[PDB]
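Survey of secondary and tertiary structure
Chain residues, written in single-letter form:
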Amino acid sequence: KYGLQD
Amino acid sequence: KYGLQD
Amino acid sequence: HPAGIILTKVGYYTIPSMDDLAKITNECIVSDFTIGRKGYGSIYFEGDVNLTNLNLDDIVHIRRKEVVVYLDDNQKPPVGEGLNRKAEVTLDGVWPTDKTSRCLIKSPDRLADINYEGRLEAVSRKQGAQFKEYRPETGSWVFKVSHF
Amino acid sequence: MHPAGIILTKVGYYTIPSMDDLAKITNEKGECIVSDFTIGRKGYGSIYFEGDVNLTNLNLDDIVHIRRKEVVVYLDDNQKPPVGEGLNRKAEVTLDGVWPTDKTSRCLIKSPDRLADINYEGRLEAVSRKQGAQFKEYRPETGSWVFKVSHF
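Residues numbered from 1 in each chain as written, not as in the entry; some residues may be left out. Chains lettered and ligands numbered in written order. Heavy atoms only, no water. Residues with missing side-chain atoms left out of burial classes, pairs and counts.

As summarised from the PDB record, the model derives from X-ray crystallography at a stated resolution of 3.00 Å.

**Section: the overall build of chain D**
A count of helical and extended segments in chain D gives four helices and ten strands. Taken from the N to the C terminus, the helices and strands of chain D come in the order β-α-β-β-β-β-α-β-β-β-α-α-β-β. When its C-alpha atoms are laid out on the principal axes, chain D stretches across 55 × 30 × 25 Å. Residue pairs in contact within chain D that sit at least 24 positions apart in sequence constitute 52% of those at least 6 positions apart. (Helix = DSSP H or I, 4+ residues; strand = E, 2+ residues; numbered from the N terminus. Contact = heavy atoms within 4.5 Å.)

**Examining the nonpolar core**
In this structure, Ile43 and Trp141 of chain C together with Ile47, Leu55, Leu87, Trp145 and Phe152 of chain D are the most contacted members of the largest nonpolar core, which totals 83 residues. Setting aside chain neighbours within four positions, we find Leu55 of chain D in contact with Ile6, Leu22, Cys32, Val34, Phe37 and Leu87 of chain D. (Core = buried A, V, L, I, M, F, W, Y, C linked by side-chain atoms within 4.5 Å. Buried < 20%, exposed > 50% of the residue type's maximum accessible area, 1.4 Å probe, protein only.)

**Let's talk about the interface of chain C and chain D**
Taken together, the contacts link 17 residues of chain C with 13 residues of chain D. Regarding the contact of chain C and chain D, the summed buried area is about 1200 Å², with carbon and sulfur atoms giving 40% of it. Linking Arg67 of chain D and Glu88 of chain C is a salt bridge whose minimum nitrogen-to-oxygen distance equals 2.5 Å. Where chain C packs against chain D, one counts twelve residue pairs in polar contact. Listing elements by their share of the side of chain C that touches chain D, those giving two or more residues are α4 (116-126), β7 (130-135) and β8 (140-145) of chain C. (Buried area = accessible area lost by both parts, 1.4 Å probe. Salt bridge = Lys/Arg side-chain N within 4 Å of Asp/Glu carboxyl O. Polar contact = N/O pair within 3.5 Å; in protein donor to acceptor, adjacent residues only side chain to side chain.)

**Observations concerning the pairing of strand β1 (residues 13-16) of chain D**
Residues and elements named next belong to chain D. Only one face of β1 is buried: it carries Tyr13 and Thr15, and the other face, with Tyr14 and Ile16, is open. Two elements, β1 and strand β3 (residues 37-41), share four bridges in a ladder whose sense is antiparallel. Within β3, the residue paired with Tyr14 across the bridge is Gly40. (Pairing = 2+ DSSP bridges.)

**Some details on the pattern of salt bridges**
The final tally for this structure, using the stated rule, is 17 salt bridges over all chains. Close ionic contact of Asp6 of chain A with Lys69 of chain D constitutes a salt bridge, the shortest N to O distance being 2.2 Å. With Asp6 of chain A in the segment after β1 (2-3) and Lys69 of chain D in the loop between β6 (64-67) and β7 (70-73), this pair bridges two chains. Given the relative accessible area of 54%, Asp6 of chain A is considered exposed. What you see here is one network of salt bridges that share partners, running through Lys1 of chain A, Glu88, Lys132, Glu133, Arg135 and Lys144 of chain C together with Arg41, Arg67 and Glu70 of chain D.

**Let's talk about the UniProt feature "domain: Peptidase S59" in chain D**
Per the UniProt record, the feature "domain: Peptidase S59" sits at residues 10-152 of chain D. Helix makes up 20% of residues 10-152 of chain D and strand makes up 30%, while its end C-alpha atoms are separated by 21 Å. (UniProt positions renumbered as here; feature names shortened; annotations may be inferred.)

**Regarding the layout of surface pockets**
Considering only enclosed or pocket space, the second largest pocket measures out at about 280 Å³ in volume. Taken together, 14 residues make up the lining of the second largest pocket; nearest its centre are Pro108, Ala112 and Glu117 of chain C together with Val11 and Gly12 of chain D. If you list the elements that add at least two residues to the lining of the second largest pocket, you get α3 (108-113) and α4 of chain C. Ranked by the residues each element gives to the lining of the second largest pocket, the list is headed by α3 of chain C, at four residues. The residue inventory of the lining of the second largest pocket, partitioned by class, reads eight nonpolar, two polar and four charged. (1 Å grid on protein atoms, 1.4 Å probe; cavity = no way out; pocket = protein on both sides within 12 Å on 5 of 7 lines; lining within 4 Å. Points joined across faces, edges and corners; volume = space filled by probe spheres on them. Nonpolar A, V, L, I, M, F, W, Y, C, P; charged D, E, K, R; others polar.)

**Concerning the interface of chain B and chain C**
The parts lose accessible area when they come together, and the size of an interface is often stated as this lost area. Across the boundary between the two partners, chain B contributes five residues, which contact 17 residues of chain C. For the pair chain B and chain C, the summed buried surface comes to about 890 Å²; carbon and sulfur atoms form 57% of the total. If you sort the residues of chain B by the area they bury against chain C, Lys1, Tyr2 and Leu4 of chain B come out on top, with a joint share of 82%. Taken together, the links from chain B to chain C amount to four residue pairs in polar contact. Class assignment for the residues of the side of chain B that touches chain C results in two nonpolar, two polar and one charged. Sheet topology places strand β1 (residues 2-3) of chain B next to strand β5 (residues 66-69) of chain C; two bridges connect them, and they run antiparallel. Across the sheet, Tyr2 of chain B pairs through a bridge with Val67 of chain C, a residue of β5 of chain C.

**Structural notes on the sheet that holds β5 of chain C**
Spatially, three strands are ordered β1(B)-β5(C)-β4(C) in an open sheet, and the strand pairing comes out antiparallel. The sheet terminates laterally at β1 of chain B together with β4 (60-63) of chain C, the two strands that pair on one side only.

Quick look at the structure:
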């Protein structure tokens, strides 16, 4: 998992 | 409630 | 059922199945809980979720291109409690239909062409959700919601 | 179905080299190693693995998922190879269409000026750092947030 969890 | 209304 | 959980609408299911969700109960907190209705959509709740005595039948409704959790917020527990937490939503079947044909638009091309994702993504943005993706083959629109 | 035994069906997803190319490059044993490989999904992003990669019998469909502001390789570690293996190696994640949206308008924000002022890169690179990745850049024209990961 790699991403923006805004 | 979430979705596409139309 | 074991840890007071109601789900009887035909079509709806849970991961783990209502069954396992028994031998998990003693109360009934189960992480990575999933609830959905075939052909319509599903809702992923990552990590710890307390199902203790929720009556899913009344709480969660997954309908074509429209999911809804907690009918009248009179119950919508404190954000964090029950299913009012955040989660991933997937609405399958979502596809647009042309004014003329009234036949649904599935061609990944036409879709791409009329940038359906655009709309769907936008829509989720206005609703205060996090558009994750749109899979044409199945007309799957997924997005994150912090709460319902 | 593909010589190397590779599987990539999801619409929008593609590779560099193209599957079509990849097939030619695969040997007489279904085996298929390629240097500088790229798996992307038009409009969402792409992951790039520099150097040799062994796509042999890889079902990319199942393995790699590239979504808005979020990439994931090997869903659950059911078939996740040891680090340095398969696609679990080091790679350069590239996430397109990444932009912030203001609470008020809720209409995204693309003004490189607006971004620059709010220092979006900053946050982006911030996160990437927290996730254990090495922030590489941020192209505001295309909401591209590129960063390197050691493994997945």
